[PDB]
Every structure is written in structure tokens, then in C-alpha cells.
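Descriptive analysis of the structure
Next come the chains, spelled out residue by residue.
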Amino acid sequence: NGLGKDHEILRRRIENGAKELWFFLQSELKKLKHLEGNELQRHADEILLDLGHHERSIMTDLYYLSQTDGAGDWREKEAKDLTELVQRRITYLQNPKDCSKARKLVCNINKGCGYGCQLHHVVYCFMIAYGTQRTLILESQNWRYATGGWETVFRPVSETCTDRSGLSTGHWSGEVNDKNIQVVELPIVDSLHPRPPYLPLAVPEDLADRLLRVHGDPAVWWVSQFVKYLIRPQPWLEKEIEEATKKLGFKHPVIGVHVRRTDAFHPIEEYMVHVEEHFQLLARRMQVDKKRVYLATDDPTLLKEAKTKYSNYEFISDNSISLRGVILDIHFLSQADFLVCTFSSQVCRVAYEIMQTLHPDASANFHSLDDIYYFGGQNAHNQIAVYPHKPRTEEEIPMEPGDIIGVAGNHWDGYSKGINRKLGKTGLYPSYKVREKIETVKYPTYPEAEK
Amino acid sequence: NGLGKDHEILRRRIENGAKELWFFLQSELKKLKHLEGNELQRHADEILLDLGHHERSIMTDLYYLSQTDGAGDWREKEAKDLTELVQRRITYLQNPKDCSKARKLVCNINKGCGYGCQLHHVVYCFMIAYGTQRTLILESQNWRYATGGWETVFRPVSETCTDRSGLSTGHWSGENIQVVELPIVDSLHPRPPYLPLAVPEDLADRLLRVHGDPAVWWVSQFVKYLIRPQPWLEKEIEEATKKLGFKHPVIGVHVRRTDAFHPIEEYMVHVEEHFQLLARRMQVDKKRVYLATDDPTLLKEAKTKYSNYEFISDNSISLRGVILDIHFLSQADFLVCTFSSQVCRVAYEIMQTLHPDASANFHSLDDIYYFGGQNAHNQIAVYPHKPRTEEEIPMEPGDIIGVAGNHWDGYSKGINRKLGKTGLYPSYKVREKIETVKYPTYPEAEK
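For every chain, the first residue of the written sequence is numbered 1, i.e. counting runs from 1 onward, and this need not coincide with the entry's numbering; residues without coordinates are not included. Working convention: letters from A go to chains and numbers from 1 go to ligands, in the order in which they are written. The side-chain values count all of the structure's non-hydrogen atoms but skip hydrogen atoms and water molecules.

Structure determination for this PDB entry is given in the record as X-ray crystallography, at a resolution of 1.8000 Å.

Set out below in C-alpha cells:
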């Protein structure tokens, strides 16, 4: 069971490429120290240009390393097996034989917010139902986006059990006090007391190791399984999506861009820099016939501006063809090869979540101009310091290996902001010096779903 | 038969480490454009310090990746299998049953140069003997380093056949002469194919799975057989190891001064950087350096300027001295020297026989690895290059590049043979052109 030749050649090529980059940077930075004025700026720009191509060659070799010696086919098979297992468990939970006797969790969709926020409310309900072995019952009467209900757009969340009948009923009071309550009604997350453990960003302990073999952010993978089940379309929506795909000429490669302007302002150029950079990366391993962008935005003037400012790009948008508009936007963004947006937007986060269900590991196929991935209502997102940090400025925090860091965000400039939970200090630290603290929870594993 | 969890975690951490380095560089280089004077120089220095630690963290993760999920154990087993195979073949070639009837190649060690050049002459003789299925006969009478000759330090190269007897003798004229006398490589015509940097075609694929520079591994197999020590030299080395306190981690430094000059400070920048890398994965109790040099002022200079280092030298207890220096350099965890020096190349070659893949465990202040008399060392361009200055050459993917050297600054110098043009090109844009030769495989050595 030996090492593959391609694997070893690529590993050594990545090591050598990184070494050569370090040789280059040592030489060129020392030369910059002795320049000034226009020559300093001209040479700095040239260094940046060269560095970019060098960096993308290293990233390309890393991509090949992830695929070599059967790794891509195996990752695809394991990711498929994992989602089939979870979807099987969810479907088993949701379709009891005898609805009148089934334990149930009632969720109301009419949270006071937009479509993404309402979808995520249902997900939060669903994850707790799954954790407490309760069938999710979804109440959607007079839903803002479709007054006919949830089932006018998506499939019902159960085929056998959509009725709320039960011997006992009560508001959520905790898994222990609700032990003998057949039907529990759940409020929005920011009213939930006591909080159960079945919340993001933890993942099921029984799946955690398998997921780390496949996926770079198991927490978002776990969320995405409930999104996947919820958005199973009714046949008319499925047909509308297929026909819109043709009408728009949506085809690959394509990068999705979501520009949310209705309040945090970012000019179109700050999105497109990352779009152009990713197309440069793709072109190192595939022919790019045309640079396509699927643009979703609440700014009605932006599409025309983008087309005129970037005449070498093809812009695709559903503006030509409300609930329909957001559903289609989320769909096409989720199908793109890469996603550039602001994760402060619920819409972009939904698209990123759905994206994880379409590939073995799409966890890194985004760039956010502000927030890192999060789920409203999640438990604290912590990291563990791996290397020490001594602050250079007063805005930086010290770190020793083992310190728990509560991460607020990545500034996408080498530094993150967070709080050192051994010291109580909040500030900046080098992003590379921490690792993610993955939290696991003992969920039911529904072994009966395998028979 | 799936993917290992540690393997995947480490791959993603390397990828993310590289992305974070790029975020940092993009941000900081844009800041530098708007600085001046002492502020520009203070921030450039700070960026370089921060970049060093970030780079070493990536290189550490790559080291772990090379070892994870059984890879280190497999690489060691396969590298051991490969050297056992080749040593078995050499030993079979060298020990025919009837010396009077064996085909022979005669090599005279007394080349007009120093010990490292003489040893490499014998290696060159040996590789051609191996290629032609001739038993190597080594003549070392009147050896400048010992009147008793080769066997006063190293084992005879054969146990059964050490004389020049036969029915016909002649000077090399190209591949029915039983005893052929080989000259120095500079006088060799016609050249046979059994020369560095090519490797045996039957081993090339297995070597690529194990080792980062198969050419030097192949050279090192003949070095290994030649320098088998006599029992008294074996004991002397063991005693020296004890008397000197040679132990790990330890970095080898060879400073050749007898005619280009490099000050001790230049070697020590690379020593210090490597000890910083090692400290990320192991405890470094004391920073030990084995220092070898022809300059009598240098050991004292180093000790006085680097009081935080322990400098080891066999001078603290000429053929004896070079052999011990080469031994301890070859045993070090890392080697800093000038590959223009035959002695340092010998130590690097021996080092390859002591680890699964030590190909990258050096820093040369001048030349890349080479073997005197080798055939042209070529590379293949992988990415196009458009020259920015007049000192640079253009390249298109597939162009054959004849490499003269690496300038250790991001650029190499060489000739684009398609264009006949010589100049600089980005080192990362080429890959090595590995040459293979059909050598005998000595199947009889397995029986």
C-alpha cells in the first residue's frame, strides 16, 4: 500500500514552490527598503503581480494533490454516502407510521423577518426536532411570501404526519421537563430557554470523524442537510428552475456575486477583484471560454453599471424574469463555481449552505467581504491557539498555545479579531496561528432508519 | 482504503496557511507603497520577520503531511529495499568466482586533486564498471593520502577479485578486451551513457515515489559501497563521536576558503533559520553545529561571535581529518556549505544514504548539486515567462532549459535551448528533466 508517485511529486512541488516564494520575497522586500517615490510604488506593484501568479501555481498544485491517486473519487463517494445516511434518518424521523401517537415539535414560520431568516428559523426548529426525536410539524398559515402556505412552493416536510394532535401539549421547557409531553411548541431561538445542545455550530459526534475526512467545515455541512430536506421543490418550482436555467443561459464556469445594499456599502469593484482573481486561478487548470457572473442584488442600477464597467464579463441576472426572485437568486448563486458576497446577508449564507450539498467539499468556494460563516443563534464560535503570539501593537492580543479564542471575524488581511478567553482581552491576532475548535454533540442516530 | 483524517486536515491547513500568507502580503505590500525613510525600512523588516514564522509554519505542516497515515514508515521501508537491492547488485558484480576470467575495469585513484575529487573519480569509474558489467579494480599505490593505499581506511572493493590478470588489456576506446583501463573523465572518449545525472530506467519510477533527487541517490549508492570502513576506522569514528559529544539535533557547516569568499555570518543565517524550523516540531536543547573548514582562524571566530551555539570540530581532538569531517557533516540534520566544494558534495551524497529522502536537507551558498563530468543538466518549462528586464529569457511550456544555477532569490540562470538565449527565469516555472539509462539489472544477484 505504497505512496502514489503523483502524490509525492506534487507534495515536493508544493514544498519547493513555497521555498521559492520565500526566496523571492526575502530578496525583493530587501530591495524595496532602498527605493522611494514612484520607483518604490512601481516595484511594489510588480512584486504583487509576480506573487499572485506564484501563489496561484501553489494553490493549483494543492488542488491536484487533493484529487490524486483516487482521492477525488473517494471523497465524492464518501460525501454522497454521508448525505444519503442523514437524509435517510431525517425522512425516517419525519414519517412515523401513526401520527396521532408520534412525538412532535411544532414550528411556526412567520418570524418577523425576511425569507432567509424565516428559512433559518425552520432549520433551527428542525435540528432540535432531530435532536429530541420529535417529528417536525411546520405551521405556515398566511406566510408572507405565499399565503397558501409552505406547501405551495416546497414539498411538505412529511408525507404521513402533518397534524398536530397529541395527548399532551406544551411550550418548550427543556428536554428533561418535556420528557412526557407529546407535542412541544418551539419559539424563536432568541427566546429559547433552556437552550438544548442541538444547535450550530456543533456536529453529531457519530459523524464528526467521517466528516473531517471529507469536508473542510463540518458545521456548515450539518446545517446544509436540513436546508436540503426543506427546499425539496414542488413540481412546478422544479420546472420553473429548469426553464429559467435555459432562459438565462446559466452555464459553467460561472461565479455568483450577491450585492446587498439595503441596510453597509461596498462598491462593485471590491467584489469583482475577487471574481477576477478566482477566474485567474481556474484558468490554470481549465479553459475559461468566457468569464460569466451571476449577479444578484437589491440595487436596480447595479447590473447596468457592472456590464459597462466590465465589458469582458458576461453578466446573468434573474431581474428580467419576489419570492420567485429570491428563490431563483439563491438557486443560481448556490450552483455557481464560486461565491463572492457578504455573509452578513442571510441570502448569501443560504446559498453557501446549499452549495455544500452540491459538491464533495465546497467549504472554501467563497469569499466574504465582511463576516465569516455563522448561523444566527449559534453557540460561541471558538478557536484554539496553536502558536504563541507576542503583540507588536496595543490593538493585538497575546496568545499562548492552548488558549481558547472567541473569534469575532477574519479581516482578510492576515489578522482576525477575537477575545482571548484565558485573559479577557479583545483585539487582533494572526489568523494562521489558531485552529478551529470543533464541537460535537451526542445526537440520536436512528438505527431503525437503516432497516 | 479511504482518505486519512490527519492527511486531509493537514492538506487543508497547508492550503489555508498559504491563503492567509497571501492575504497578509497583499495588505502589507500595499501599505509599504505609502511609507518612506526609516518608517519604510522598519515596516519592511517587521514584514520579513512575520513572513518567516508564517513560512516555517507552512513548511512544518508539509513535513507532517509527508509522515502522516503511514507515509513515513512506507517511505523508509521502500528506501531501504531500494538500497539493499542496489548494494546486492554491486556486491555481486564485484565478487566473481574466477578473477582470472572476469571482465574488469581498472581505476587509478591518484588523480591530481584533493581527496573529494579523487573519491569522485573512483565513483565515476565505478558507475561505468557497473554499466559495462566489469568488476572494478582499484589501484591506489603511491596514494598521496596513505602509502599503504585505499585499504588503510576502507574495505577492498572486492573480496574475490583484486588483481589485473586477464588475457587482454587496453585503454578505454568505447564499448573483446578483458581488462579495460579507464582515464579521468576529462579525457574520456567516447563517453558511455553510464554517467550522472541519469538514473537506471528500472529504478526511476520507484525512486520518484521515495526521493526528491534520484540522480544524487544513484551517485550515493556507489559512494556508500566505496566508503565501507575498515574495522579500525569504524572504531576510531565511534570514539570520535563520544569524545566530541556529537549528538542530535546538529547542523553541519563546511567553510571552504582556499581559492569566492563567504563570511561566517552568511552560513549562520541559514543555520539559525533551520534551527528555528526544527524548534517548531522538536525540543532544541542546545544549538549544536559541526564546523569543518580549511581556514585556521574560523573555528575561534565562530565561537566568539555565536556564544549561544555549541561548535563541534574534530580539530579539538590529513586523510584522517577529511574523512572524519565528511562523516560528521553527512550525519548532521542539515548541511550549510558551498556545493562548489567537492568535500561538501561528498557529505551531501553520503547523507542521502542515511535517511529516506534527505535531498532537500541542505543550503548551498553558491552552486546547485552537480557531479564533475556529468551530462548536461536540463529542465522543462512548465509555465510561460515574458521577460520584464533584458537580463531575463522568455519561456514557453515545453521549452528545454539548460540550468546553470539557482540564484536563491526566486531566479535561476540558464539557456533556453529552443531559442539559444541565456539569462534569468523564475525558478518556480520549471521542473526537472530526469534522464534515464538502460543499465544492467543483475537478476542473478537475487538468487
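Next comes the rest of the account.
Quick look at the sheet that holds strand β9 (residues 338-341) of chain A now. Strands pair in a sheet through their backbones, by hydrogen bonds, and they do so in one of two ways: parallel or antiparallel. Residue and element names in this part refer to chain A. Read from one edge of the open sheet, 5 strands run β8-β7-β6-β9-β10, paired in parallel fashion. Both edges of this open sheet fall to β8 (313-316) and β10 (366-368), since each of them pairs with a single strand only. Direction aside, the axes of adjacent strands within the sheet are offset by 20 degrees on average. Helix α8 (residues 268-282) rests against β6 (254-259), β7 (291-297), β8, β9 and β10 of the sheet, and its axis sits at about 165 degrees to β6. Pairing between strands requires that DSSP locate at least two bridges from one strand to the other. Elements are defined by DSSP. Helices are runs of H or I of four residues or more, strands are runs of E of two residues or more, and each kind is numbered from the N terminus. The convention used is that axes are lines fitted to C-alpha atoms, helices contributing only their stretch in contact, and that angles between N-to-C directions extend from 0 to 180 degrees. Two residues form a contact once any of their heavy atoms are found within 4.5 Å.

With that settled, consider the UniProt feature "short sequence motif: SH3-binding" in chain B. Those residues carrying the UniProt feature "short sequence motif: SH3-binding" are residues 190-196 of chain B in this numbering. Structurally, residues 190-196 of chain B comprises 0% helix and 0% strand, and the distance from its first C-alpha atom to its last is 16 Å. UniProt positions are given in the numbering used here, feature names are shortened, and annotations may be inferred rather than shown by experiment.

With that settled, the discussion passes to the interface of chain A and chain B. Residue-level contacts link 74 residues of chain A with 71 residues of chain B. Buried surface area refers to the total accessible area, computed with a probe of radius 1.4 Å, that the two partners give up upon joining, counted for both partners together. Taken together, both faces of the contact between chain A and chain B bury some 6400 Å²; the carbon and sulfur share is 61%. The rule for a salt bridge is simple: a side-chain nitrogen of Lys or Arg has to be within 4 Å of a carboxyl oxygen of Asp or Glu. In this structure, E8(B) and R75(A) form a salt bridge, with 2.9 Å as the shortest nitrogen-oxygen distance. N or O atoms within 3.5 Å of each other form a polar contact, as long as, within protein, one can give a hydrogen and the other can take it, and as long as residues adjacent in sequence are counted only when both atoms are side-chain atoms. Put simply, chain A and chain B have 23 residue pairs in polar contact between them. In terms of residue count, helix α1 (residues 5-32) of chain A provides more of the side of chain A that touches chain B than any other element does, 23 residues in total. Each residue is assigned to one of three groups, with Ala, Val, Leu, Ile, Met, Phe, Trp, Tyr, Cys and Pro labelled nonpolar, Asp, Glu, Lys and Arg labelled charged, and all others, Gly among them, labelled polar. For the side of chain A that touches chain B, a count of residues per class yields 31 nonpolar, 18 polar and 25 charged.

Moving on, we get to the UniProt feature "short sequence motif: SH3-binding" in chain A. The positions that UniProt labels "short sequence motif: SH3-binding" are, in the present scheme, residues 194-200 of chain A. Between the C-alpha atoms that bound residues 194-200 of chain A there is a distance of 16 Å. The span itself is 0% helix and 0% strand.

Here we take up the domain arrangement of chain B. For an interface, size is often stated in terms of accessible area lost upon the parts coming together. Residue and element names in this part refer to chain B. Domain parsing of chain B yields domain 1 (1-69), domain 2 (70-375 + 434-438) and domain 3 (376-433). As used throughout, domain bounds are those supplied by an automatic or database domain assignment. On a C-alpha basis, the centroid separation for the pair domain 2 and domain 3 is 29 Å. Listed as interface residues are 10 residues of domain 2 and, on the opposing side, 8 residues of domain 3. Taking both partners together, domain 2 and domain 3 bury about 810 Å²; carbon and sulfur atoms supply 55% of that area. Among the residues of domain 2 in contact with domain 3, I368, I434 and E435 are the three that bury the most area, contributing 54% of the side total. In this assembly, domain 2 and domain 3 are joined by 1 salt bridge. Linking domain 2 with domain 3 are 4 residue pairs in polar contact, by the criterion used here.

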